[PDB]
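K.L.:
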Amino acid sequence: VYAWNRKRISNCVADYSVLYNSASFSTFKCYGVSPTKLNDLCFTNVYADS
Amino acid sequence: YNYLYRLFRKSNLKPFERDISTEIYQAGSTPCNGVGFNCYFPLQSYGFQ
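Respectively, the protein sequence lines represent chains A and B.
In case it helps, this note's numbering puts the first sequence at residues 6 to 55.
In case it helps, this note's numbering puts the second sequence at residues 227 to 275.
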């Protein structure tokens with residue numbers, strides 16, 4: 006966490022529904038947007054920070 | 227915490243519709259079961275301080 010890996014995500018279709026189809030995820034916290042709405046939206050870029 | 231609002235519903239209210247129901251909301255395949263992951267108690271509070 007002192008040196009977190011960021012991936013730029015671009016030029017692709019984002020099936021966010023996969024990210025809540027699995028029972029394995031202990032916590033799921035969304036901000037500014039609802040998790041159900043994500044498969045409808047479009048964005049200039051996406052950044053995944055881990 | 228005496229002041230509350232509904233945050234989730236199956237469909238939007240019509241003009242002057244009133245709905246005090248406490249029943250669990252379902253956001254995915256998860257059945258409500260009086261509780262869960264993508265299922266919610268639909269009422270929330272401001273907690274005014």
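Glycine residues also receive a C-beta, built at the ideal position from the N, C-alpha and C atoms.
Skipping 5 residues on each side, what residues in its chain have a beta carbon closer than 8 Å to that of A/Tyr25?
P.N.:
The residue labelled residue 25 of chain A in the question sits at position 20 within the first sequence. Closer than 8 Å at the Cβ level, and outside the excluded window around A/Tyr25, lie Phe33, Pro40.
K.L.:
Among the candidates B/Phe242, B/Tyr229, B/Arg235, whose CA atom is the shortest distance from the CA of B/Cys258?
P.N.:
Here residue 258 of chain B is taken as the residue at index 32 of the second sequence, counted from 1. Checked all of B/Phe242, B/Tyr229, B/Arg235; the closest Cα to B/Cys258 is B/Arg235.
K.L.:
Can you give me the Cβ contacts of A/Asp20 inside the same chain, cut-off strictly under 8 Å, excluding the 5 residues immediately before and after it?
P.N.:
Against the first sequence, residue 20 of chain A aligns to sequence position 15. Excluding sequence neighbours, A/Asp20 sits near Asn44.
K.L.:
Do B/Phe274 and B/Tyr229 have their CB atoms nearer than 8 Å?
P.N.:
Counted from its first residue, the second sequence places residue 274 of chain B at position 48. Counted from its first residue, the second sequence places residue 229 of chain B at position 3. With contacts defined as CB atoms closer than 8 Å, B/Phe274 and B/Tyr229 qualify as a contacting pair.
K.L.:
For the alpha helix (DSSP H) that contains A/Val51, what are its first and last residues?
P.N.:
The residue given as residue 51 of chain A occupies position 46 in the first sequence. Premise fails: A/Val51 lies in the beta strand (DSSP E), 51-54, not in any alpha helix (DSSP H).
K.L.:
Would you mind listing the beta strand (DSSP E) stretches within the stretch 247-273 of chain B that are 3+ residues and don't spill past its ends, in chain order?
P.N.:
269-271
K.L.:
Hey, how far is the Cα of residue 281 of chain B from the Cα of B/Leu269?
P.N.:
Since the displayed chain B opens at 227 and closes at 275, residue 281 of chain B lies outside it and no answer follows.
K.L.:
Have a look at B/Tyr272 and B/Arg244 and give me their C-alpha separation to the nearest angstrom.
P.N.:
The sequence position of residue 272 of chain B within the second sequence is 46, counting from 1. The sequence position of residue 244 of chain B within the second sequence is 18, counting from 1. Straight through space, the alpha carbons of B/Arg244 and B/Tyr272 are spaced by roughly 20 Å.
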